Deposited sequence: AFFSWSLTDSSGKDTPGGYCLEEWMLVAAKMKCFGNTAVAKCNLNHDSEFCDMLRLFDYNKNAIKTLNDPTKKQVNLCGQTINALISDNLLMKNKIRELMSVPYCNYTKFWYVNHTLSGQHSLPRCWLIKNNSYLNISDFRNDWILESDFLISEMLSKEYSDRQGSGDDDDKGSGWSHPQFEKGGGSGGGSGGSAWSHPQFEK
């Protein structure tokens, strides 16, 4: 179980986000990050959380436990996709579906890039369609 666990849902501090405004994700979404080695978003959350803990504990050498924070196989997949000139994740921007009425939302997924540009919405619509479906189901599985 060499995987860093997230414990706060999870709230991102202002310095972690370009928007510079704290943003909280629910337990339903973030609990999926536990032992999930196929989520760049969870990799980024683990990186930021490990660094926040390091700050609060003060220094180690960098990346000694890197494989507990990020998935090596997923990083290699993204690299190969980059070199094959297909869309890939550069671990920066992520999207999700939010049921604004209830606040329930999906686990954010990577907004992929190609030729140094984020894909147009339509070019991955099947993704946020599917996610939305899942979300609704989850919601009614709670009600």
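* Asked: What are the unmodelled segments when the structure is compared with the full deposited sequence, in sequence order?
  -> According to the record, the gaps fall at 1, 10 to 17, 68 to 74, 160 to 203.
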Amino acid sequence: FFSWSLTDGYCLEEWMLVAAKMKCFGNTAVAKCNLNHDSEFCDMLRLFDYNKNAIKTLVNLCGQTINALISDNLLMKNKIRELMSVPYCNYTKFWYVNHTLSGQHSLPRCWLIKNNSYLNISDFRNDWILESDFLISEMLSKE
From here on, numbers count along this sequence of modelled residues.
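* Going by the B-factors listed in the PDB entry, is the mean over the C-alpha atoms higher for 28 to 36 or for 109 to 117? -> Comparing averages over the C-alpha atoms only gives 28 to 36.
* Mean temperature factor over C-alpha atoms, higher-scoring stretch between 48 to 56 and 88 to 96 -> Of 88 to 96 and 48 to 56, the stretch with the higher C-alpha B-factor average is 48 to 56.
* Asked: Within this chain, which third does the Cα B-factor at residue 15 fall in: lowest, middle or highest?
  -> Middle third, going by the recorded CA B-factors of the chain.
* Tell me, lowest, middle or highest third: where does the Cα B factor of residue 68 rank within its chain? => Its C-alpha B-factor belongs to the middle third of this chain's values.
* **Chain thirds of CA B-factor: placement of residue 61** => For residue 61, the deposited C-alpha B-factor lands in the highest third.
* Where does residue 125 sit by CA temperature factor within its chain: lowest, middle or highest third? -> It falls in the bottom third of the chain.
* Cα B factor band for residue 74 (lowest, middle or highest third within the chain) -> It belongs to the lowest third of the chain when residues are ordered by C-alpha B-factor.
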